[PDB]
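To begin, one chain is listed below as structure tokens, in the form deposited without the ligand.
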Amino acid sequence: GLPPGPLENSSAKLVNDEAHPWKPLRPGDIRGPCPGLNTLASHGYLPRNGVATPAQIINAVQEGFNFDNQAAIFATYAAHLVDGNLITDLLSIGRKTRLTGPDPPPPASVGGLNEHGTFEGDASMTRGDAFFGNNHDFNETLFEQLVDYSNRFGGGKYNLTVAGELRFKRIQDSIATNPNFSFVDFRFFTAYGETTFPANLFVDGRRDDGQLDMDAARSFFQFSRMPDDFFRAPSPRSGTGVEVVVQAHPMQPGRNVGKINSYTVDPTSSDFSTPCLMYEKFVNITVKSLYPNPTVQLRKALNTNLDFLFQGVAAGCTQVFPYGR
């Protein structure tokens, strides 16, 4: 199917409703590193087993949280290109699963959102770096640090000021302890945007005040559960206020170089001054390296999904064509 369009009616409304009750996980149900998608699956906005099509994902993030259409399209097709099965049109929101169907040849992994270094990456707020053994499960110690930062910088609530301080703390902790820490290109962008999402999308839409309480935060981050009577945001949004987060502690993209405390700036990386380069490298390097010489049906599926990806790219960038026109 085609990428869904924007919501026809984007008002705040009850999304924890009779048709979308929270249910616990059944054996085989998949949850991953994204509390948004996890919550949508656990309320039946997505299939409850955590395997979905790109169209299902885009519809769910819009309907359940009022995620904006362009952001939804870019994120979903990016994730699907690197982590999903392009023939079956299925993506796991967590671990690799036989439920996404017969795999393409190596080097494509079809690893789901749990695949480290494609979409998922280091210095997540409530998930540990892959180097430490688990990049997807809720981590209580890290959440308690989020609570502490909310107490210190947000009067007990999570807001953009808290995001700015916590984003930097997690980067500095990974620099100090993860000798494989990578913070370039696609991850450099998503790591900043994601810190705004709890303030923009987990705050009840009747308030929309950017101040997320810790009971709601835990419900989403740990239990994939909307608060009782949760209303979605009152208009479409994703990363608004990311400038506040960056401004708090501006960083350059880089990586540790096989040792702790060796953060080395990467001049080949995109940064916020070159957003089109982030798109071009994602396609020319990341996607192309997974599918260097695709067969007929895969080449077609790649080109279709790459066209959809480009719909999510901000105006002013030129589309690139790794497999011709």
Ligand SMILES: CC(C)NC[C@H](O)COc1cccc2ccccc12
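All residue numbers refer to positions in the sequence shown, first residue = 1.
Keep in mind the form solved in complex with the ligand is missing from the figure; the text below concerns it.
Put simply, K288 is close to the ligand in the entry with it bound: some heavy atom of it is within 4.5 Å.
In the entry with it bound, none of the heavy atoms of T100 sits within 4.5 Å of a heavy atom of the ligand. Within 4.5 Å of some heavy atom of the ligand in the entry with it bound lies at least one heavy atom of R299. A residue is said to contact a partner when one of its heavy atoms sits within 4.5 Å of a partner heavy atom; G193 meets this definition for the ligand in the entry with it bound. Interface residues of 247 to 267, taken as those with a heavy atom within 4.5 Å of the ligand in the entry with it bound (partner not displayed), are absent.
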